[PDB]
Amino acid sequence: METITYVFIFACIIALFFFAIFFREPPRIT
Amino acid sequence: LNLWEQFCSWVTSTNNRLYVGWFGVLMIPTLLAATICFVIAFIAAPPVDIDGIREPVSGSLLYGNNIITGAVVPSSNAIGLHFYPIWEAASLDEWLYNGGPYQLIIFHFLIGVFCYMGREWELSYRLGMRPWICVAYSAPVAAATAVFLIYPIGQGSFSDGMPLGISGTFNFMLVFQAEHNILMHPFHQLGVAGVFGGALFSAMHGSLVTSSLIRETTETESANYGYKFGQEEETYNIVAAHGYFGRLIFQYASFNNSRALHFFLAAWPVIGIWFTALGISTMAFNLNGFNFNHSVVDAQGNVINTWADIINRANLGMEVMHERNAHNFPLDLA
Amino acid sequence: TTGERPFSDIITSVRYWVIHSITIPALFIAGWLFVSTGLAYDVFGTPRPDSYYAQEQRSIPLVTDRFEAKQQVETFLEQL
Amino acid sequence: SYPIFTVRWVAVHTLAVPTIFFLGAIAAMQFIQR
Amino acid sequence: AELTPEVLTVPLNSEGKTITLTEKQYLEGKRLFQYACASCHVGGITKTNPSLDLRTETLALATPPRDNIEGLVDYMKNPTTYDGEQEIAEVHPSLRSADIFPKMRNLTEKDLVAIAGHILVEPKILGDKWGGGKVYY
Amino acid sequence: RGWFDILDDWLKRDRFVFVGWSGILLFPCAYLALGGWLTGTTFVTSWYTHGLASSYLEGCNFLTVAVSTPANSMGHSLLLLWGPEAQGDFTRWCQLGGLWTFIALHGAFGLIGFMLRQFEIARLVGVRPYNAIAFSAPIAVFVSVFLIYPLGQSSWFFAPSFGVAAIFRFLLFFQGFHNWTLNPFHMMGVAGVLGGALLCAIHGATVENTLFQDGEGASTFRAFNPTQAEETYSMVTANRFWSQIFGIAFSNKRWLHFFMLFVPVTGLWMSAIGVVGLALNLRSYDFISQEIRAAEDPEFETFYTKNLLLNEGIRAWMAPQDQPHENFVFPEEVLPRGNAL
Amino acid sequence: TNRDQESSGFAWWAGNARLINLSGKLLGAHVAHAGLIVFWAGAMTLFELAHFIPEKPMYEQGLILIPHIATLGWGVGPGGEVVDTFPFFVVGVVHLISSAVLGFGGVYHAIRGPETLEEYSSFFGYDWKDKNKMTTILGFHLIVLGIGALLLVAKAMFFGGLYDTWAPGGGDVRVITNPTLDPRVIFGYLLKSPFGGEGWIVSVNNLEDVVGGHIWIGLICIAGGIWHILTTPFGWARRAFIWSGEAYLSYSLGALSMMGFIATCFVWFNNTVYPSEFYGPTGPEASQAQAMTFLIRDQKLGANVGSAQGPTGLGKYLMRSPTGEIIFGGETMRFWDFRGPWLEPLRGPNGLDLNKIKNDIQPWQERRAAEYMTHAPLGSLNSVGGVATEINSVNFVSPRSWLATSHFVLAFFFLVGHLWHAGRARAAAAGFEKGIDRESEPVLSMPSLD
Ligand code: CLA
Ligand code: CLA
Ligand code: CLA
Ligand code: CLA
Ligand code: CLA
Ligand code: CLA
Ligand SMILES: CC1=C(/C=C/C(C)=C/C=C/C(C)=C/C=C/C=C(C)/C=C/C=C(C)/C=C/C2=C(C)CCCC2(C)C)C(C)(C)CCC1
Ligand SMILES: CC1=C(/C=C/C(C)=C/C=C/C(C)=C/C=C/C=C(C)/C=C/C=C(C)/C=C/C2=C(C)CCCC2(C)C)C(C)(C)CCC1
Ligand SMILES: CC1=C(/C=C/C(C)=C/C=C/C(C)=C/C=C/C=C(C)/C=C/C=C(C)/C=C/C2=C(C)CCCC2(C)C)C(C)(C)CCC1
Ligand code: OEX
Ligand SMILES: [Cl-]
Ligand SMILES: [Cl-]
Ligand SMILES: [Fe+2]
């Protein structure tokens, strides 16, 4: 149960990295 | 163009979402190999005989660790500095017992971050930038190289490289202090000045720029909306900031030149980290911190202890306890 | 730009050095004598090299009593 | 032209005067033998 | 505390005669001990054989007795095992083996007396710390 | 008109060293804290409080001098010069450790004065007082470490002593007795300090390597004017570089500089909370599940159990000299030691 | 002139960059700097000699230059004993005198002679962009370096030999008569792994290979120098490199950095061209010598050191390497690749030989192991010898530690300097080393990433 919890949180962070890079708000010059 | 030139154009393209480049051609596979092996080992690797005395240390989550205690454990002292790839083992089971994952990971990782450094040079060149961000990044690279490669070489074993884990990092620090008195070494003291000062100057610079943001928003808006990405006008009043900081101390202690200021912000932590990396890399050859043990002596010859002698008592406690089954002879010579 | 005389003016003037060729060495020598006469030991209560221990006892004269601590250092010092 | 005794003058000497006295004291200490 | 004539008075021979060393002799002995001996005997222990130390009580039970000037000076000329049974000049620095322990080549008779005096005086200053090892650091 | 407004005028004159109302608190307290430290490290012993030499006069060097804490028997006495311990005797006061509370307390009020100075000058110049707000982190550290920690312990004796090696001893004490590296509040402190140093380096390097060519010199510092309207470096190019190198990049300069305050200030505040816990010995010392397993299974070993053995060595080998009021005599047969060493 | 920022474009703290296109003054800077190097070699040697006590080991006296002279066979005899200090004196004086000549020429070219050389001499003048002139000067210097490598050969073969720690019967000066010429051996060193038990070129363990290697290097450098005098860079080279003064400097900085790290490892592990008689034992050596010391002591007391099981189950004195060889136990199991003349008589085909250990250990071996165990390269920055918890008493830091640490520090900063100047030379050749053109910012002409 503890191992599942640690790996789950880690996996969410890796997923977050993916969205934060490839699905970021695009920088736009105004 | 021919197919090779098309490939070169893609590799060196400024329009890839992540820059590849020739350094990236080495960086990407090596960082992937190191990352994948590390994640699998941290979760599932069996215990590793780090000190070569058939006393395996459990590092992985499934073998009883949490995030704080877990590690990928350095390779066996019986291996020393020998190169121990998977194909030198008779089996994966042997490879795992002897700490094979540690070597695969640190060697791919070090190649990867050296190439990450070259890649920072490379993109700056493709974008028409000045080139020296990679020189700033050379400080963390030097520090990682010191603890994963130079220190093991000097001591004769990757079993004395820093473990890949949170508590294993602390173990490395405590034993290092016992064996080198790093706290009393001026290069580590410069390192501390580097990171305390870097944190101080980050907070100082952050607070001074934030203090002088030009009013562009109402009180119900984040002030951050007062800056638009790519606008040409500066977003804070550096004359106001200097007028504040120069009065906080005195006028000539404050930067009025933003280029000088930002050079100082780069140089202070980078130089401090260079020196602390050199501290580890030279204590790797046992040139150790200052030794004032018994330096103060009274008229008869009695030692008068100083705080250095109290430090020595703490170092002794770590010395005599560390690797409690590994020493058979009276001196710890590596 | 706050109205005081620039330091570079001051420390390159002969008048500054006429004054400070006297005052800086006088202060330095006074500090030297504060030590060489032994006065520093007595002002601050710092043991001289022969005064940390008596000849037979090899125990630290540690203060153990808060409100008669002053008198206790007096006793430890009379034991030398 | 310029004033000579200022707040700055006081701040300079509150630091500089003891510093020189202390350096003379510490120089003397280098010749103390046990 | 002070380095007094009483502290500097040590047994000269095994018959109870004493000798009073000068402060110069003591300082000479400490210097020569560091020059020729401390690489193995720092603080009164023995790095290459920790079972044998330089405490006065240990020296007194050596054969022949080494807890006096004559015994120590003789040891530096013709060292023996603790029971006196074997001569060990081939593996221990001595005047007899100055050819293979070259730091002994310029030690005079006066130098040996000073080293011996240092070995006997130092536990009178340091107590159990002399020969105690790291426990006493 | 009015003596208060006339005094306010003089305090706020634009001069080489600004004074202000805050200066009435700051300058005497800062001068006395620094002067006390220089006085103690130059001339004052720790023989009667610690059994230690601690001054240049006794033979220490810059790394080993200190103004050391009072003896444990003093408890948390303010140790005022005119108080019941020293009774006005300056010499005895120094021997009792009175300079430690002198420095700690004048230092505390000087830090108050300094943060008031940051507020006062910001108000006079017309800027927002974020520099003062950021300085709350140094204050949180000073108060938690030099005042709250010893106040939770038996006496000022266990506060840090004001010296280089004395502070190193404090670090190793916290390792051996508190297992302070294991504490998640210290870990957040480390992330904020190293993260702040990282931000300092990377931002300074990024600005210096995305500069616009605003002059002809190969040395580029002269090509900046403090009064110029234009950014001196390209945020757009900097943003593309880091986006392609690292995957993300700043796009908002105001957020960037706020973040540079946030990270180290927050880290120091977190480390202070952990130290408040250690004032009560409320440590992150153990993982209970680790201990239950290790107690039942003598083949189970982790880096966590390895570090506790080091801690046990620290306590047994350092306590007799580090805690002289306890009169510890540990016969050498009881000292924990591995094989041979 | 141009000796200000306004005319030269460089601030005072980058003032030597004002010399990039002033070949006469730059020659002066280089010649004067060579005088500084030679000055130090001479003065430091005389200082070492003035402080030298011939009956203490060199490594007890903080010497790094006298050991270099002694390794060449000058001043020493069997076992490394100093028989004559006059060669040390000669080396020191002649370097010191020579540095006056170099300093004279450097000062002359730097402030008195022609500021540029091209108007004065087409032979000595040069343009950094003239690729053929660049390879010609490179070629002259390759020939000079090749001659230098052959001077070592001539010393070893015709002018008294070299100090050989491996000489049969004990270390001694020995004339090398059969240097190794077989390229399979010489260049085989180049293809050895740098990892444990292999050690790349740092593993060279006999003077025949050392001398033969310098014969090859001497001829390679002379032949390469002739080649570069007679050729101009090929097209593929022209297209691959930056051709500028700062670029060439950056290439040499990378090279010197690499060489510095190599010398660090050489002095740390190698005991052939850094004899332990002069430099002290290596780290591996002293750790092995401790195990040897207590094996000898306990066996004298009656221990059967082959059958003695240590606390872990491994042999207390003797165990197996991962490939089966008999090696010393305890922590020094990591150091089983160590080889030294005091230990090899005990080694047989299967490793350390128990019968030789029981019967054949000589007093000179016990002495050497005791000496090396107690001169391990551990010590403090203020030169307190021993482990970090040692008390003050012994004034010792091994020459190997001084030489390894100094050259790691220098090699490191030279790698940083390589990155600095390589990055700058690239940017300067492409025309943006002074910053981004506001009216021609490259990223503004690129498609957005998203
Ligand atoms: C603003 C500057 C400042 C501040 C905040 C402090 C603060 C302190 N000093 Mg330091 N000191 C200072 C300047 C300062 N000092 C200077 C300039 C000197 C050199 C002369 C010293 C020399 C010094 C020494 C030698 C010592 C201290 C000590 C102390 C501590 C105890 C002080 C105390 O109890 O006073 C109590 C007195 C007051 C608080 C004065 C209050 C006056 C009240 C408000 C007036 C009351 C009037 C009443 C309301 C009227 C009613 C009228 C009505 C009935 C009609 C405290 C931390 C002691 C220490 O640090 O021990 C460890 C100590 O030994 N100070
Ligand atoms: C063969 C080696 C070599 C050569 C010929 C050059 C040449 C040059 N360098 Mg490079 N550099 C080198 C190695 C070299 N460098 C290394 C190893 C580093 C890493 C630190 C650098 C980092 C570097 C930077 C960051 C810069 C240069 C620059 C330059 C140019 C101007 C230099 C100048 O005027 O300095 C003047 C000298 C000083 C201001 C003094 C420096 C003092 C050092 C830092 C401390 C020395 C302490 C000493 C070793 C020990 C203490 C002694 C003390 C007690 C007295 C010039 C072309 C500049 C440039 O880019 O021009 C285009 C420039 O900005 N260099
Ligand atoms: C090895 C170190 C070294 C060397 C060899 C040089 C050499 C040179 N520098 Mg550089 N420089 C250095 C370090 C060095 N520098 C450092 C550390 C800094 C930062 C402080 C600089 C900053 C700098 C700047 C800003 C400039 C130079 C310039 C020069 C050149 C002209 C100097 C001149 O006009 O002197 C004028 C000075 C004198 C006439 C006074 C006397 C100088 C002599 C040489 C002293 C000789 C003393 C010696 C003991 C005599 C021995 C005599 C005996 C052999 C008979 C010259 C080639 C200049 C240049 O590039 O010109 C184009 C220039 O503008 N340098
Ligand atoms: C390869 C370089 C090197 C090495 C390995 C040695 C090694 C040694 N020296 Mg020699 N020496 C050298 C160069 C070297 N020296 C130079 C350049 C000088 C002229 C100053 C001397 C003059 C000298 C004297 C007069 C003596 C020695 C002595 C010694 C011995 C004791 C050293 C010691 O205690 O240092 C103390 C440690 C330090 C001083 C720490 C230095 C830290 C440096 C300055 C940091 C440098 C960082 C980097 C270079 C700058 C980068 C800046 C960055 C921002 C870019 C040791 C064998 C002693 C001896 O035993 O003689 C027999 C002795 O008396 N040396
Ligand atoms: C290697 C560095 C070097 C280089 C490339 C030069 C180059 C030059 N020099 Mg300088 N010079 C140097 C070092 C150097 N010099 C030194 C060390 C000194 C002090 C003696 C001088 C003192 C000096 C003076 C006073 C003058 C020059 C002049 C010249 C110019 C004409 C040279 C000529 O026609 O010689 C012709 C060639 C020969 C005579 C044959 C070579 C004879 C040498 C000595 C044989 C040694 C060779 C051997 C490889 C050296 C090994 C040295 C090594 C161990 C360090 C030429 C640009 C002249 C000039 O500037 O005119 C305007 C001029 O008047 N030089
Ligand atoms: C100071 C020494 C030196 C320098 C700076 C040069 C410089 C040059 N040489 Mg010359 N050369 C030299 C000595 C030198 N040479 C010697 C001694 C010889 C006789 C053997 C030669 C024979 C020679 C020939 C036949 C040629 C050159 C050529 C060149 C030019 C291109 C070089 C190049 O691309 O290398 C870069 C190296 C490569 C691109 C090869 C691949 C390198 C791999 C990828 C990495 C190797 C690094 C590795 C980690 C090293 C350590 C391990 C290893 C030892 C096992 C360049 C001007 C070329 C030219 O244009 O001539 C006119 C050419 O054809 N040289
Ligand atoms: C406590 C007290 C008090 C006060 C006092 C005071 C206020 C003092 C001051 C004092 C002082 C005010 C002192 C000073 C000193 C100083 C010094 C002692 C200095 C030194 C310096 C040096 C040594 C330097 C060094 C260096 C550096 C830092 C860096 C650069 C380089 C060099 C190395 C140079 C009173 C009476 C109120 C009361 C009672 C108590
Ligand atoms: C350019 C320049 C520079 C530099 C310069 C230089 C670097 C120079 C060098 C110089 C040099 C490098 C010099 C040298 C000299 C030497 C000499 C002058 C010597 C002499 C010797 C003798 C006299 C000897 C004697 C003796 C004998 C014979 C025997 C034994 C004893 C004795 C030792 C006594 C500078 C930085 C300033 C800057 C500006 C520019
Ligand atoms: C003396 C001796 C010896 C021998 C030695 C030898 C024989 C050596 C050789 C050596 C060699 C023979 C070396 C080589 C090296 C090479 C190199 C170091 C290269 C480099 C390269 C580079 C740097 C490149 C770069 C690049 C790339 C990669 C691509 C892109 C473009 C470029 C081109 C930039 C022995 C050990 C036997 C023994 C001891 C003594
Ligand atoms: O493995 Mn990790 O730690 Ca460097 O010292 Mn020796 O070896 Mn072990 O004991 Mn202490
Ligand atoms: Cl451990
Ligand atoms: Cl061992
Ligand atoms: Fe900024």
Side-chain angles (χ1 to χ4, degrees), chain B residues 50-51 55 57 159-160 163 167-168 170-176 178-179 318-327, chain F residues 22-33 35-36 70 74 77-83 85-86 88 90 93-94 96-110 112-113 156 219 301 303 305-311 313 338, chain G residues 1-5 7-8 10-37 39 99-113 115-116:
Chain B
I50 176 178
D51 294 325
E55 190 195 293
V57 174
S159 69
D160 275 342
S167 287
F170 307 146
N171 183 255
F172 178 86
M173 298 172 87
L174 271 60
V175 175
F176 212 99
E179 294 176 350
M318 298 187 289
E319 166 185 321
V320 301
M321 287 307 296
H322 84 296
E323 299 163 0
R324 66 208 171 281
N325 301 312
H327 314 90
Chain F
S22 59
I24 302 173
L25 182 63
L26 167 61
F27 289 113
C29 289
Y31 183 62
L32 291 186
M74 313 302 297
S77 175
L78 293 165
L79 245 174
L80 311 180
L81 171 62
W82 54 87
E85 302 89 1
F90 176 83
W93 185 65
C94 294
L96 294 178
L99 285 181
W100 191 90
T101 57
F102 183 92
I103 293 169
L105 292 174
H106 286 91
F109 284 102
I112 296 179
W156 301 121
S219 300
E301 178 161 41
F303 279 111
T305 63
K306 286 162 61 62
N307 289 338
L308 299 189
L309 289 158
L310 304 184
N311 293 346
Chain G
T1 310
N2 108 127
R3 308 199 293 272
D4 53 50
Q5 177 161 184
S7 60
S8 75
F10 288 106
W12 70 268
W13 45 261
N16 290 327
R18 304 172 180 174
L19 295 163
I20 289 175
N21 301 307
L22 297 177
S23 56
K25 275 185 154 55
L26 186 54
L27 171 66
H30 280 118
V31 177
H33 182 276
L36 290 177
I37 299 180
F39 185 106
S99 76
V101 179
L102 293 174
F104 195 105
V107 171
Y108 165 75
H109 283 293
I111 66 188
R112 187 67 202 179
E115 204 166 89
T116 55

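Values reported hereafter were calculated over all heavy atoms of this structure, with side chains retained and with hydrogens, waters and symmetry mates removed. Sequence lines set the chain letters: A, B, ... in the order given, protein chains first and strands last, and positions in each chain run from 1. Every number for a ligand or one of its atoms is a count from 1 in the order of the listing.
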Under 4.0 Å from one or more heavy atoms of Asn2(G), ligand 3 contributes atoms 62 (C)
Value for CG (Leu22(G)) from NE2 (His109(G)), rounded to nearest 0.5 Å, stands at 14.5 Å
Q. Are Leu96(F) and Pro70(F) side-chain neighbours, meaning at least one heavy-atom pair lies under 4.5 Å?
A. no
If we number the atoms of ligand 3 from 1 as shown, the ones under 4.0 Å from a heavy atom of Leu19(G) are 30 (C), 57 (C), 59 (C), 60 (O), 62 (C)
What about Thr1(G): any of its N or O atoms under 3.5 Å from an N or O on ligand 3? no
Rounded to the nearest 0.5 angstrom, the CZ-CZ distance for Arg18(G) and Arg3(G) is 9.5 Å
Logged contact type for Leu22(G) with ligand 3, heavy-atom cut-off 4.0 Å, is side chain
| Contact (N/O only, under 3.5 Å) between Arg18(G) and ligand 3 | yes
Answer whether the closest heavy-atom distance between the side chains of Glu55(B) and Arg324(B) falls below 4.5 Å.
-> yes
- Message: Could you check whether atom CZ of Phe104(G) has more than 12 heavy atoms from other residues, nucleotides or ligands sitting under 6.0 Å from it?
- Response: no
- Query: So, does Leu36(G) sit close enough to ligand 3 that a heavy atom of it is under 4.0 Å from the ligand?
  - Reply: yes
Any side-chain heavy atom of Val175(B) sitting closer than 4.5 Å to one from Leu310(F)?
yes
Distance col, row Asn16(G):CG vs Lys25(G):NZ, nearest 0.5 angstrom, shows 12.5 Å
Can you list every pair where an N/O of ligand 1 is under 3.5 Å from an N/O on the protein?
residue  : atom   : partner   : partner atom : Å
ligand 1 : 9 (N)  : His106(F) : NE2          : 3.1
ligand 1 : 15 (N) : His106(F) : NE2          : 3.3
ligand 1 : 64 (O) : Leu81(F)  : N            : 3.0
ligand 1 : 65 (N) : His106(F) : NE2          : 3.2

*Trace of the side-chain contact (heavy atoms from CB on, under 4.5 Å) decision for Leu174(B) with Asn311(F)*: CA-CA 9 Å; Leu174(B) 271 60; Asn311(F) 293 346; 4.2 Å; yes
* Asked: Going by heavy atoms in the side chains, are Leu78(F) and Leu105(F) under 4.5 Å from each other?
  -> yes
For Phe104(G), the atoms of ligand 3 under 4.0 Å from one of its heavy atoms are 54 (C), 55 (C)
